[PDB]
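Enquirer: This one is my_file_25.tsv, TSV, C-alpha atoms and all ligand atoms.
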```
chain	number	residue	atom	x	y	z
U	56	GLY	CA	18.08	0.80	-17.19
U	57	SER	CA	14.99	1.65	-15.15
U	58	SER	CA	11.83	-0.29	-15.98
U	59	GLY	CA	9.73	0.91	-13.07
U	60	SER	CA	6.54	2.96	-13.22
U	61	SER	CA	4.94	5.99	-11.55
U	62	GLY	CA	2.52	3.57	-9.92
U	63	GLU	CA	-0.61	2.33	-11.67
U	64	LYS	CA	-3.82	1.45	-9.84
U	65	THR	CA	-2.46	-2.10	-9.64
U	66	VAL	CA	-2.97	-1.69	-5.89
U	67	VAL	CA	-6.43	-1.36	-4.36
U	68	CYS	CA	-7.06	1.82	-2.37
U	69	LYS	CA	-6.78	1.21	1.38
U	70	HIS	CA	-9.12	4.10	2.20
U	71	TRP	CA	-12.05	3.06	0.01
U	72	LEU	CA	-11.91	-0.41	1.57
U	73	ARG	CA	-13.00	1.00	4.93
U	74	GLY	CA	-15.19	3.54	3.16
U	75	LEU	CA	-12.84	6.45	3.83
U	76	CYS	CA	-12.44	7.71	0.27
U	77	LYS	CA	-14.51	10.24	-1.68
U	78	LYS	CA	-12.65	10.01	-4.99
U	79	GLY	CA	-14.14	6.88	-6.53
U	80	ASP	CA	-13.05	6.75	-10.16
U	81	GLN	CA	-10.78	9.73	-9.49
U	82	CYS	CA	-8.67	7.92	-6.90
U	83	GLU	CA	-5.13	6.88	-7.81
U	84	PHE	CA	-5.74	3.27	-6.79
U	85	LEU	CA	-8.16	0.46	-7.66
U	86	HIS	CA	-11.50	0.47	-5.84
U	87	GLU	CA	-12.25	-3.18	-6.61
U	88	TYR	CA	-11.47	-6.19	-4.42
U	89	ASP	CA	-9.19	-8.38	-6.54
U	90	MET	CA	-7.11	-11.31	-5.31
U	91	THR	CA	-4.64	-10.40	-8.06
U	92	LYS	CA	-4.63	-6.59	-8.11
U	93	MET	CA	-4.59	-6.41	-4.31
U	94	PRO	CA	-1.21	-6.67	-2.53
U	95	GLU	CA	0.06	-9.71	-0.63
U	96	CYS	CA	0.08	-10.36	3.12
U	97	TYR	CA	2.56	-7.86	4.56
U	98	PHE	CA	3.19	-10.48	7.25
U	99	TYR	CA	3.73	-13.52	5.04
U	100	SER	CA	5.57	-11.17	2.67
U	101	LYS	CA	7.88	-9.76	5.34
U	102	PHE	CA	8.04	-12.23	8.22
U	103	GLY	CA	6.78	-15.11	6.10
U	104	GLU	CA	4.56	-16.45	8.88
U	105	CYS	CA	0.78	-16.10	9.09
U	106	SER	CA	-1.48	-18.34	11.18
U	107	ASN	CA	-4.58	-17.20	9.30
U	108	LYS	CA	-6.90	-19.75	7.69
U	109	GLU	CA	-9.11	-17.09	6.10
U	110	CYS	CA	-6.53	-14.39	5.39
U	111	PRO	CA	-7.86	-11.96	2.74
U	112	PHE	CA	-4.23	-11.46	1.70
U	113	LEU	CA	-1.97	-13.47	-0.60
U	114	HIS	CA	0.29	-16.09	0.98
U	115	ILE	CA	3.45	-16.68	-1.05
U	116	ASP	CA	6.30	-18.90	0.14
U	117	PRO	CA	9.75	-17.26	0.44
U	118	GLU	CA	11.07	-20.19	-1.60
U	119	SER	CA	9.21	-19.14	-4.75
U	120	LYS	CA	10.62	-15.61	-4.86
U	121	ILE	CA	14.21	-16.43	-5.80
U	122	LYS	CA	15.81	-15.66	-9.17
U	123	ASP	CA	18.49	-18.36	-9.27
U	124	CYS	CA	15.90	-21.03	-8.49
U	125	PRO	CA	13.96	-22.48	-11.45
U	126	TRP	CA	10.98	-20.47	-10.21
U	127	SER	CA	11.35	-17.34	-12.35
U	128	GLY	CA	8.96	-15.15	-14.32
U	129	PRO	CA	7.75	-17.49	-17.08
U	130	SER	CA	9.78	-20.55	-16.08
U	131	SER	CA	7.47	-20.69	-13.06
U	132	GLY	CA	3.89	-21.89	-13.43
Z	1	ZN	ZN	-9.50	5.79	-2.95
Z	2	ZN	ZN	-1.79	-13.43	6.11
```
If you convert what's in this file into structure tokens, what do you get?
Ligand SMILES: [Zn+2]
Ligand SMILES: [Zn+2]

Expert:
Amino acid sequence: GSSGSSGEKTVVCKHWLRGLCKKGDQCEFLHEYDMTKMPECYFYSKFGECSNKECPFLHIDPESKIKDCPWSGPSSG
């Protein structure tokens, strides 16, 4: 039924980024800047509108996050 997860380090620590973490390898999140591991643009992910040309966040269209559509897990490129 449930295929979730406690919450791996998939996400990059938000404290370490601004140098506000003293855990390092002990932290519960990733301390490496990855365009994949890091989360998407809360704005483009929520509002779906970001006028940023150099946004350090991921910009995904709200038209590629639908099940029905042919853009699914594998089906999608
Ligand atoms: Zn941390
Ligand atoms: Zn953005």

Enquirer: Please write as a ChimeraX atom specification the list of polymer residues whose atoms come within 10 Å of (-0.6, 1.7, -3.7), counting only C-alpha atoms and keeping to the coordinates of the file.

Expert: /U:62-69,83-85,93-94

Enquirer: Considering all atoms listed in the file, can you say which of U:115, U:76, U:124, U:82 comes closest to residue 95 in chain U?

Expert: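 Of the candidates, the smallest distance to residue 95 in chain U is held by U:115.
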
Enquirer: So how many Å separate atom ZN of ligand ZN 2 (chain Z) and CA of residue 80 in chain U, to one decimal?

Expert: 28.3 Å

Enquirer: Quote the spacing between CA of residue 90 in chain U and CA of residue 73 in chain U in Å to one decimal place.

Expert: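 About the pair CA of residue 90 in chain U and CA of residue 73 in chain U: they are 17.1 Å apart.
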
Enquirer: Which is closer to ligand ZN 2 (chain Z) than all the others in U:81, U:91, U:106, U:58, using all atoms listed in the file?

Expert: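 When distances to ligand ZN 2 (chain Z) are compared using all atoms listed in the file, the smallest one comes from U:106.
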
Enquirer: Around ligand ZN 2 (chain Z), out to 10 Å and counting only C-alpha atoms and all ligand atoms, which residues are there? I want them as a PyMOL selection string.

Expert: chain U and resi 95-100+103-115

Enquirer: Figure out the distance between CA of residue 132 in chain U and CA of residue 57 in chain U, please, to one decimal in Å.

Expert: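 The value is 26.1 Å.
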
Enquirer: Which residue, U:56, U:74, U:89, U:130, has the smallest gap to ligand ZN 1 (chain Z) when you use all atoms listed in the file?

Expert: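 Checking each of U:56, U:74, U:89, U:130 against ligand ZN 1 (chain Z), counting all atoms listed in the file, the winner is U:74.
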
Enquirer: Which one is closest to ligand ZN 1 (chain Z): U:92, U:116, U:61, U:77? Count only C-alpha atoms and all ligand atoms.

Expert: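 Checking each candidate against ligand ZN 1 (chain Z), we get U:77 as the closest.
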
Enquirer: Tell me which of U:59, U:102, U:86, U:131 sits closest to ligand ZN 1 (chain Z), counting only C-alpha atoms and all ligand atoms.

Expert: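 Comparing U:59, U:102, U:86, U:131 against ligand ZN 1 (chain Z), the winner is U:86.
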
Enquirer: My list of candidates is U:60, U:72, U:123, U:117. Which is closest to ligand ZN 1 (chain Z) when distances are computed with all atoms listed in the file?

Expert: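 The answer is U:72, which sits nearest to ligand ZN 1 (chain Z).
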
Enquirer: So that I can look at just that part, could you write range 78-123 of chain U with N, CA and C atoms, as a CSV table (one decimal), in the first residue's frame?

Expert:
```csv
chain,number,residue,atom,x,y,z
U,78,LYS,N,27.0,19.7,11.2
U,78,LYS,CA,26.8,18.2,11.3
U,78,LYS,C,27.7,17.6,10.2
U,79,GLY,N,27.7,18.1,9.0
U,79,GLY,CA,28.6,17.6,7.9
U,79,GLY,C,28.1,16.3,7.4
U,80,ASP,N,28.8,15.2,7.7
U,80,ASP,CA,28.4,13.9,7.2
U,80,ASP,C,27.4,13.2,8.2
U,81,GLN,N,27.1,14.0,9.3
U,81,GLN,CA,26.2,13.5,10.3
U,81,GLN,C,24.8,14.0,10.0
U,82,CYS,N,24.7,15.1,9.2
U,82,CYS,CA,23.4,15.7,8.9
U,82,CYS,C,22.5,14.6,8.3
U,83,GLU,N,21.2,15.0,8.2
U,83,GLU,CA,20.2,14.0,7.7
U,83,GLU,C,19.9,14.3,6.2
U,84,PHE,N,20.6,15.3,5.6
U,84,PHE,CA,20.4,15.7,4.2
U,84,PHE,C,21.7,15.8,3.5
U,85,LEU,N,21.7,15.9,2.2
U,85,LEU,CA,22.9,15.9,1.4
U,85,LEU,C,23.6,17.3,1.5
U,86,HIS,N,24.9,17.3,1.6
U,86,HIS,CA,25.6,18.5,1.7
U,86,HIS,C,26.4,18.8,0.4
U,87,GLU,N,25.9,18.3,-0.7
U,87,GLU,CA,26.5,18.5,-2.0
U,87,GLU,C,25.5,19.2,-3.0
U,88,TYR,N,25.9,20.2,-3.7
U,88,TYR,CA,25.0,20.9,-4.7
U,88,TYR,C,24.8,20.0,-5.9
U,89,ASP,N,23.7,19.4,-6.0
U,89,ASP,CA,23.3,18.6,-7.2
U,89,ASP,C,22.0,19.1,-7.8
U,90,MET,N,22.1,19.2,-9.2
U,90,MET,CA,20.9,19.7,-9.9
U,90,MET,C,19.8,18.6,-9.9
U,91,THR,N,20.2,17.4,-9.5
U,91,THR,CA,19.3,16.3,-9.5
U,91,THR,C,18.8,16.0,-8.0
U,92,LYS,N,19.7,15.9,-7.1
U,92,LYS,CA,19.4,15.7,-5.7
U,92,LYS,C,18.6,16.8,-5.1
U,93,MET,N,19.0,18.0,-5.4
U,93,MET,CA,18.4,19.2,-4.9
U,93,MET,C,16.9,19.3,-5.4
U,94,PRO,N,16.1,19.9,-4.6
U,94,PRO,CA,14.6,20.1,-5.0
U,94,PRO,C,14.4,21.1,-6.1
U,95,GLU,N,13.2,21.2,-6.6
U,95,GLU,CA,12.8,22.0,-7.7
U,95,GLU,C,12.5,23.4,-7.2
U,96,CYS,N,12.2,24.3,-8.1
U,96,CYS,CA,11.8,25.7,-7.8
U,96,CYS,C,10.4,25.8,-7.1
U,97,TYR,N,10.4,26.0,-5.8
U,97,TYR,CA,9.1,26.1,-5.1
U,97,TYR,C,8.1,26.9,-5.8
U,98,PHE,N,8.6,28.0,-6.5
U,98,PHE,CA,7.8,28.9,-7.3
U,98,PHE,C,7.2,28.2,-8.5
U,99,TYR,N,8.1,27.7,-9.4
U,99,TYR,CA,7.7,27.1,-10.6
U,99,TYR,C,7.0,25.7,-10.3
U,100,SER,N,7.2,25.3,-9.1
U,100,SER,CA,6.6,24.0,-8.7
U,100,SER,C,5.2,24.2,-8.1
U,101,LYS,N,5.0,25.4,-7.5
U,101,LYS,CA,3.7,25.7,-6.9
U,101,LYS,C,2.9,26.6,-7.8
U,102,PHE,N,3.4,27.8,-8.0
U,102,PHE,CA,2.8,28.8,-8.9
U,102,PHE,C,3.0,28.5,-10.4
U,103,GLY,N,4.1,27.9,-10.7
U,103,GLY,CA,4.4,27.5,-12.0
U,103,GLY,C,4.8,28.7,-12.9
U,104,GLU,N,5.4,29.7,-12.2
U,104,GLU,CA,5.8,31.0,-12.9
U,104,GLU,C,7.1,31.6,-12.3
U,105,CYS,N,8.2,31.5,-13.0
U,105,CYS,CA,9.4,32.1,-12.5
U,105,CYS,C,10.2,32.9,-13.6
U,106,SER,N,10.3,34.2,-13.4
U,106,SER,CA,11.0,35.0,-14.4
U,106,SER,C,12.5,35.1,-14.1
U,107,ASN,N,13.1,33.9,-13.8
U,107,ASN,CA,14.5,33.8,-13.5
U,107,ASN,C,15.3,33.2,-14.7
U,108,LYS,N,16.3,33.8,-15.2
U,108,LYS,CA,17.1,33.3,-16.3
U,108,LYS,C,18.2,32.4,-15.7
U,109,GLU,N,18.7,32.7,-14.5
U,109,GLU,CA,19.7,31.9,-13.9
U,109,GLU,C,19.3,31.4,-12.5
U,110,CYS,N,18.1,30.8,-12.5
U,110,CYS,CA,17.5,30.2,-11.3
U,110,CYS,C,18.2,28.9,-11.0
U,111,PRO,N,18.8,28.8,-9.8
U,111,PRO,CA,19.5,27.6,-9.3
U,111,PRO,C,18.6,26.5,-9.0
U,112,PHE,N,17.3,26.7,-9.3
U,112,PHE,CA,16.3,25.6,-9.0
U,112,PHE,C,15.9,25.0,-10.3
U,113,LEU,N,15.2,23.9,-10.2
U,113,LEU,CA,14.7,23.2,-11.4
U,113,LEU,C,13.3,23.8,-11.9
U,114,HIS,N,13.2,23.9,-13.2
U,114,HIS,CA,12.0,24.5,-13.7
U,114,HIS,C,11.3,23.4,-14.6
U,115,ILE,N,10.2,22.8,-14.0
U,115,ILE,CA,9.4,21.8,-14.7
U,115,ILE,C,8.1,22.3,-15.0
U,116,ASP,N,7.6,22.1,-16.2
U,116,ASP,CA,6.3,22.5,-16.7
U,116,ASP,C,5.2,21.7,-16.1
U,117,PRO,N,4.1,22.4,-15.7
U,117,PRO,CA,3.0,21.7,-15.1
U,117,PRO,C,2.2,20.8,-16.0
U,118,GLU,N,2.7,20.7,-17.3
U,118,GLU,CA,2.1,19.8,-18.3
U,118,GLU,C,2.9,18.5,-18.4
U,119,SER,N,4.0,18.4,-17.7
U,119,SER,CA,4.8,17.2,-17.7
U,119,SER,C,4.7,16.4,-16.4
U,120,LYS,N,3.7,16.8,-15.6
U,120,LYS,CA,3.5,16.2,-14.3
U,120,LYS,C,2.2,15.5,-14.1
U,121,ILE,N,1.6,15.1,-15.2
U,121,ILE,CA,0.3,14.5,-15.2
U,121,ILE,C,0.4,13.0,-15.6
U,122,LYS,N,-0.4,12.2,-14.8
U,122,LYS,CA,-0.4,10.7,-15.0
U,122,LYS,C,-1.0,10.4,-16.4
U,123,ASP,N,-2.3,10.6,-16.5
U,123,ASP,CA,-3.0,10.3,-17.7
U,123,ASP,C,-2.1,10.6,-18.9
```
